[PDB]
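Structure first, then comments.
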Amino acid sequence: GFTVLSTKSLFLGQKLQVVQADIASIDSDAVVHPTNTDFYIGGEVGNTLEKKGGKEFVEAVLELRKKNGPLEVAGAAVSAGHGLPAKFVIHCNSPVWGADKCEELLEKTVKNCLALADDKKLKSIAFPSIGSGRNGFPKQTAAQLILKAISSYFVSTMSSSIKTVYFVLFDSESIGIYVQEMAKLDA
């Protein structure tokens with residue numbers, strides 16, 4: 001299942017929503033997959049995507065690694081969401097906490113995801129908690145940078161097709177954080 005916990009309707013038309021769900025089951029047009037520069041599949045998200053999409057999901061990622069080569073820090077790249085409810089999967093390589101411009105790099109990362117979804121005229125994108133796992137970002141900092149990036153992007157990209165963004169979270173503390181942070185946005 002998939003239940004909406006909290007919604008922030010932005011002034012420029014976009015719905016931001018917080019959900020608890022297996023991100024792999026989200027009916028969304030795109031799903032974000034935090035990876036490293038070699039399209040490694042693990043972590044929370046790597047493993048559920050694989051759990052859901054099996055060989056197909058994995059074949060597409062491998063194909064994508066051949067074509068794309070290494071993913072720069074902040075870079076994203078798309079694979080087709082074969083064997084997943086999602087139509088596309090956007091792989092991104094977030095910066096590591098403590099690196100210079102780690103914060104700036106993370107805003108870039110989020111914008112790259114969004115630009116790629118707009119690049120394919122996608123109308124929704126599901127973000128998991130980017131950065132805050134193994135990339136070591138505090139949950140408050142990650143949440144604030146992400147939501148700032150997203151707000152910046154939309155006010156700065158009028159041609160954007162994206163109408164809904166999901167923040168998919170498994171734990172209560174993270175949910176409470178996103179909920180508070182979204183609520184601070186109007187712009």
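Ordering of the structure tokens sets the chain letters (A, B, ...); residue numbers start at 1 within each chain; ligands are numbered from 1 in the order shown.
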- Could you name the residues that touch range 169-176 of chain A at 7 Å or less, counting only C-alpha atoms, but leaving out those on the same chain fewer than 3 positions away, as a PyMOL selection string? chain A and resi 19-21+128-129+139+179-180
Write out, as a tab-separated table (two decimals), in the first residue's frame, the residues just selected, with N, CA, C and O atoms.
chain	number	residue	atom	x	y	z
A	19	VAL	N	5.30	10.10	2.24
A	19	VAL	CA	4.65	8.81	2.24
A	19	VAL	C	5.51	7.83	2.97
A	19	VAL	O	6.73	7.95	3.02
A	20	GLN	N	4.83	6.88	3.58
A	20	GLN	CA	5.42	5.64	4.05
A	20	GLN	C	4.98	4.52	3.11
A	20	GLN	O	3.76	4.32	2.85
A	21	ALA	N	5.98	3.78	2.63
A	21	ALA	CA	5.82	2.83	1.54
A	21	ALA	C	7.16	2.20	1.23
A	21	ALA	O	8.21	2.73	1.54
A	128	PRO	N	13.83	8.93	-2.18
A	128	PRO	CA	13.96	8.41	-0.83
A	128	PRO	C	14.77	9.45	-0.06
A	128	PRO	O	15.02	10.54	-0.55
A	129	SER	N	15.21	9.10	1.13
A	129	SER	CA	16.04	9.98	1.92
A	129	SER	C	17.44	10.04	1.34
A	129	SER	O	18.25	9.18	1.62
A	139	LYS	N	19.88	13.97	9.14
A	139	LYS	CA	18.55	13.94	8.60
A	139	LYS	C	17.92	15.33	8.42
A	139	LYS	O	17.18	15.57	7.46
A	179	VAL	N	8.21	16.35	7.35
A	179	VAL	CA	6.92	17.02	7.56
A	179	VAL	C	7.12	18.46	8.03
A	179	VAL	O	6.50	19.39	7.50
A	180	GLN	N	8.00	18.65	9.00
A	180	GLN	CA	8.30	19.99	9.50
A	180	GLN	C	8.98	20.86	8.44
A	180	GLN	O	8.74	22.07	8.35
What's the 10 Å shell around residue 10 in chain A, counting only C-alpha atoms, without same-chain residues fewer than 2 positions away, as a PDB file with C-alpha atoms, in the first residue's frame?
ATOM      1  CA  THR A   7       1.094  17.319   1.505  1.00  0.00           C
ATOM      2  CA  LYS A   8       2.605  20.726   0.677  1.00  0.00           C
ATOM      3  CA  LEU A  12       3.719  27.209  -8.679  1.00  0.00           C
ATOM      4  CA  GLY A  13       1.369  24.194  -8.787  1.00  0.00           C
ATOM      5  CA  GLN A  14       3.550  21.316  -7.513  1.00  0.00           C
ATOM      6  CA  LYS A  15       2.426  18.842  -4.770  1.00  0.00           C
ATOM      7  CA  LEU A  16       5.106  17.699  -2.348  1.00  0.00           C
ATOM      8  CA  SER A 151      11.891  24.788  -4.341  1.00  0.00           C
ATOM      9  CA  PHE A 154      10.635  24.871  -9.566  1.00  0.00           C
ATOM     10  CA  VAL A 155      10.720  28.657  -9.217  1.00  0.00           C
ATOM     11  CA  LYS A 163       3.528  17.909 -10.811  1.00  0.00           C
ATOM     12  CA  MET A 182       8.042  20.910   3.905  1.00  0.00           C
ATOM     13  CA  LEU A 185       8.110  25.916   2.369  1.00  0.00           C
ATOM     14  CA  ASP A 186       5.675  27.960   0.598  1.00  0.00           C
ATOM     15  CA  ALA A 187       8.028  29.376  -2.064  1.00  0.00           C
TER      16      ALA A 187
END
- Item | For residue 118 in chain A: contacts at 8 Å, only C-alpha atoms, fewer than 3 positions along chain excluded, given as a list in words | residues 114, 115, 121, 122, 123, 160, 161 and 162 of chain A
- Neighbour list for range 24-40 of chain A as number ranges by chain, cut-off 7 Å, only C-alpha atoms, skip fewer than 2 positions in-chain: A: 22, 42, 45-46, 48-49, 52, 65, 70-72, 85-94, 122-128, 130
Please identify all polymer residues within 8 Å of residue 110 in chain A, counting only C-alpha atoms, omitting same-chain residues fewer than 6 positions from it, and present them as a PDB file with N, CA and C atoms, in the first residue's frame.
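Full text of out-v8.pdb as output:
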ATOM      1  N   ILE A 146      17.516  19.235   0.441  1.00  0.00           N
ATOM      2  CA  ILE A 146      16.707  18.633  -0.608  1.00  0.00           C
ATOM      3  C   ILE A 146      15.516  19.524  -0.917  1.00  0.00           C
ATOM      4  N   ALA A 149      16.605  22.777  -2.677  1.00  0.00           N
ATOM      5  CA  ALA A 149      16.889  22.464  -4.074  1.00  0.00           C
ATOM      6  C   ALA A 149      15.609  22.381  -4.898  1.00  0.00           C
ATOM      7  N   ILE A 150      14.633  21.667  -4.358  1.00  0.00           N
ATOM      8  CA  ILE A 150      13.389  21.382  -5.063  1.00  0.00           C
ATOM      9  C   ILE A 150      12.584  22.638  -5.283  1.00  0.00           C
TER      10      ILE A 150
END
- Between CA of residue 2 in chain A and CA of residue 59 in chain A - distance in Å to one decimal: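 Computed distance, CA of residue 59 in chain A to CA of residue 2 in chain A, equals 27.0 Å.
Closest approach to residue 44 in chain A among A:98, A:133, A:81, A:69: A:133, based on only C-alpha atoms.
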- What are the DSSP strand (DSSP E) residues of range 46-96 of chain A, as an NGL selection string? :A and (76-80 or 88-92)
- Task: Have a look at A:140, A:166, A:95, A:100 and name the one nearest to residue 3 in chain A; count only C-alpha atoms.
- Result: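 Going through A:140, A:166, A:95, A:100 one by one, the smallest distance to residue 3 in chain A is for A:166.
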- Tell me, in Å to one decimal, how far CA of residue 61 in chain A is from CA of residue 107 in chain A. 23.8 Å
- Query: In range 62-183 of chain A, what's alpha helix (DSSP H) per DSSP? Answer as a PyMOL selection string?
  - Reply: chain A and resi 62-68+102-119+139-156+172-183
- Using only C-alpha atoms, find the one residue out of A:96, A:105, A:177, A:158 that sits nearest to residue 144 in chain A.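 Closest candidate: A:177.
CA of residue 137 in chain A sits 5.2 Å away from CA of residue 97 in chain A.
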